[PDB]
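The block underneath contains the structure these notes are about, expressed in structure tokens.
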């Protein structure tokens, strides 16, 4: 019964945070991929 | 009106998929961080 209205909202905030973390990590790997070639 | 039951579920699948992408990305960075030191 954990209020979907909330649950979903929570998931949204998590997801956006995640998509972000992935952004920064890709950037990081880009720099690494560059260092290598 | 986009059925929260659904929307939440969808977000969960997305979220897990993301957590995963982040996993692999971390691993990739570790390999890089190692190559550097």
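Return the total of residues in the stretch A:11-37 being facing chain B (nearest Cβ under 9 Å) and either in contact (Cβ under 8 Å) with a residue 40 or more places away in the chain or closer than 26 Å to residue B:7 by Cβ (or both). The number of residues fulfilling the criteria is 8.
For the stretch A:1-34, residues that are surrounded by 15 or more Cβ atoms within 10 Å (Cβ to Cβ) and outside any helix (DSSP H, G or I) total 0.
All Cβ positions, even for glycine, are placed from backbone atoms using ideal geometry, and neighbour counts span all protein chains on display. Laboratory data are not the source of any read-out in this text; all were calculated from the coordinates shown.
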